[PDB]
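these chains are from a complex, not moved at all, and more is on the way:
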Amino acid sequence: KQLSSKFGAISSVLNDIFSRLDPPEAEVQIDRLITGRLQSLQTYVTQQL
């Protein structure tokens, strides 16, 4: 279910962001998406530990 979270963006698919939005701020959008998913993965890893 964490893959379905927009995390404040306009879409949940990074390919859609890359092919739909201007790259100079699509880089920032992709950075926000990957850091949100990284934080979710860190939380899951702490729960697993």
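Okay, I see it. Numbers count the residues shown, from 1 in each chain, chains lettered A, B, ... in the order given.

Could you find the closest non-adjacent residue to residue A:21?
Ranked by CB to CB, 6 or more residues apart in numbering and with sequence neighbours excluded, the top spatial neighbour of residue A:21 is residue A:29, at 6.5 Å. All C-beta spots, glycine's among them, are computed from the backbone N, C-alpha and C.

my guess is that neighbour meets residue A:8, correct?
No. Residue A:29 is beyond contact range of residue A:8, at 9.2 Å (criterion: CB atoms under 8 Å).

higher neighbour count, the two?
For the pair residue A:29 and residue A:8, the greater number of neighbours falls to residue A:29 (21 against 9), based on other CB atoms under 10 Å.

which of the residues in the top helix by length along chain A are buried?
Scanning chain A for the longest helix, with DSSP state H as the assignment, gives helix A:23-48. Applying a neighbour-count criterion of 16 or more other CB atoms under 10 Å, one finds A:26, A:29-30, A:33, A:36 buried in helix A:23-48.

here's chain B, drop it on:
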Amino acid sequence: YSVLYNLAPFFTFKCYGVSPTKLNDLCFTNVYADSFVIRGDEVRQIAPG
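Below, chain B sits with the chains from the block before:
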């Protein structure tokens, strides 16, 4: 969109919710064109929020 993005016979072209560079790449269902004239003082008002 070459006459709108690649070529500029119009004074000002600006896209907010979509990428102006990849206008030809996207595919949509339909477009609702609103044509109207504003004096130069109030043309800034055509923007969300």
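
Same as before for the nearest residue to residue A:21, with chain B this time.
The shortest distance from residue A:21 to any residue that is not its chain neighbour, by CB to CB, 6 or more residues apart in numbering or on different chains, is 5.1 Å, and that residue is residue B:19.

And the one you found, how far from residue B:48?
Separation of residue B:19 from residue B:48 (CB to CB, to the nearest Å): 16 Å.

More neighbours: which of these two?
For the pair residue B:19 and residue B:48, the greater number of neighbours falls to residue B:19 (19 against 5), based on other CB atoms under 10 Å in any protein chain shown.

I'd say the more buried one and residue A:22 touch.
Yes. Using CB under 8 Å as the test, residue B:19 is close enough to residue A:22 to be in contact (4.4 Å).

Quick check: phi and psi on the residue of chain A at minimum distance from chain B?
The minimum distance from chain A to chain B, using CB to the nearest CB, falls at residue A:22 (4.4 Å). In terms of degrees, to the nearest 10, the main-chain angles of residue A:22 are phi -70, psi 130.
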